[PDB]
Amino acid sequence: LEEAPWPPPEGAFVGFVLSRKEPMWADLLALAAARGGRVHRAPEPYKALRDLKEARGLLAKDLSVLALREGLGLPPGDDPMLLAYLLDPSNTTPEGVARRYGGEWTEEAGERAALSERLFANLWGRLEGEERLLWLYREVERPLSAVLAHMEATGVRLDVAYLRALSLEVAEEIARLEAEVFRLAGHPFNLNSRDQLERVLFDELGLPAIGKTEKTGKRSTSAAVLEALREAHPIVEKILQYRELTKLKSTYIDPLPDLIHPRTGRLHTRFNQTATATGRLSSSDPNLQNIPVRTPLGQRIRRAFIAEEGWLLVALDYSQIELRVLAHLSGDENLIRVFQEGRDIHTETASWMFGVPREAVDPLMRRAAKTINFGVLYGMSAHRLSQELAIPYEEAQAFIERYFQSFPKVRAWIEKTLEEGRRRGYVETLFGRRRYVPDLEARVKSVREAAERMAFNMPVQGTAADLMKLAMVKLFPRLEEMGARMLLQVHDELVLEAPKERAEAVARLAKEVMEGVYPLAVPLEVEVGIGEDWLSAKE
């Protein structure tokens, strides 16, 4: 392309180079734009940002987040990544998308700008005739990228002092556990090494191996294996406790306080829009979609996520979302009726599991039942089921047959979904998001059946994903108008931050928006809480 002076004309596509992948932490090393057979390179990248009306191009959101960081209201616009991702969600990297749709991802801003231009042209062409994918792009993905940009640049507050103090307490308990483990082994070793631990458990001590690892076929020391060996030796329980503590300390307690941004004094994640096979977002650097909540220490960590002074967190979470979605997709009357009657399948399963009345079910019991309900739905084997419930095989098997015989059209929907996936090569969500699953026609049964579970899960998980995205796009402008902030999405959950005076009003509005987003054959219900911290807000 012909080189020309900065600035570019309106509608130009941008290319840019960051010192590191995370836009909140990156230095903008270079910036360029391309349009009409010209490439414009900015002599001073930061100042040049002011000349752009929007960020249009590959990884648009990243540039937008950096702009917002610098106090510039630069929204993201067209991004070829989003087009490619809709065409085929295995399109997750600019490297792959460039190669596939007409160019090469290099380290020069001008070349990236030019690449962005031609990829958009090509990919736009590929979306012609694809009306449903076009709808998702214009009505969901493109607007959502703006929403996510604001969320990333906003961040969430963390009680750093609290976490620092907690680290010290946890360190001392870890020391007690490791000392016991070493005593019981008869000698010290690296307890963080599963290879060393395998030899201690299975070679040095008497313990029977139960399972093997996938890639290298070592004797597994996974939590599943250790639970089964709980009554074989006292060292086992000590290791399980050591694992829990060290996992939480190494992954959350210690790293996160070090990631507070110096300017904002908050913790900023990345919400990746082209990262999953089903249409879910992912979160990284750090991942804020896997903050602990199940165990006592886990809850203590989640409590570190707090509202700004004078504000409150609002947490909203769709009730039994994929089950409701399944009712709609399958059209099973029986299942639809369950939700019309305001029943809770997780609580009911839980009451069965632990053999207690529905009122006796505590949250942790209900949570346990989720794994069982979704596990069975998406193809769990009777054997594992019996195993994880520690009930005889016959009972487990019996539960799965009743599970489905209760809901006739569910199996029918699955069969229909797979048959259609085999013919077309892909399956799709309610709104037409696609996932290609070529292994539906695999001649190896284990490979084929794995593919089948991936395939019939996607429309359900993906539709739920679509619904949340649509809800975020609708909700965002309403929140802006109320002076509230959207902070995090955790798949079927949103966490907002509102001024105390308005927190109650915001919760009600957000609840109604989420419930009314796209009516199905069954009501959508959203549970909402308000609190000074994430844990409090969910209770």
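One-based numbering along the sequence shown. Basically, rigid core = biggest C-alpha set you can superpose within 1.5 Å across the two forms.
- In 8 other deposited structures of this protein, superposed on the rigid core, the segment with the larger root-mean-square CA displacement between 302-310 and 391-399 is 391-399.
- After superposing on the rigid core, the larger RMS C-alpha deviation in 8 other deposited structures of this protein belongs to 227-235, the other candidate being whichever of 227-235 and 145-153 remains.
- A summary of the deposited B-factors shows that, of 270-278 and 196-204, the stretch with the larger mean C-alpha value is 196-204.
- A summary of the deposited B-factors shows that, of 414-422 and 82-90, the stretch with the larger mean C-alpha value is 414-422.
- Note on the listed residues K215, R157, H261, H187: the highest Cα temperature factor in the record is that of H187.
- Listed residues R384, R453, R142, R100 were ranked by CA B-factor as deposited; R384 comes out on top.
- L49: CA B factor in the highest third of modelled residues in this chain (values from the PDB entry).
- Residue-level temperature factors show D533 in the lowest third of its chain, judged at the C-alpha atom.
- Residue-level temperature factors show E244 in the highest third of its chain, judged at the C-alpha atom.
- Split the chain's modelled residues into thirds by C-alpha temperature factor. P519 is in the middle one.
- For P9, the recorded CA B-factor ranks within the highest third of the chain. Only modelled residues enter the ranking.
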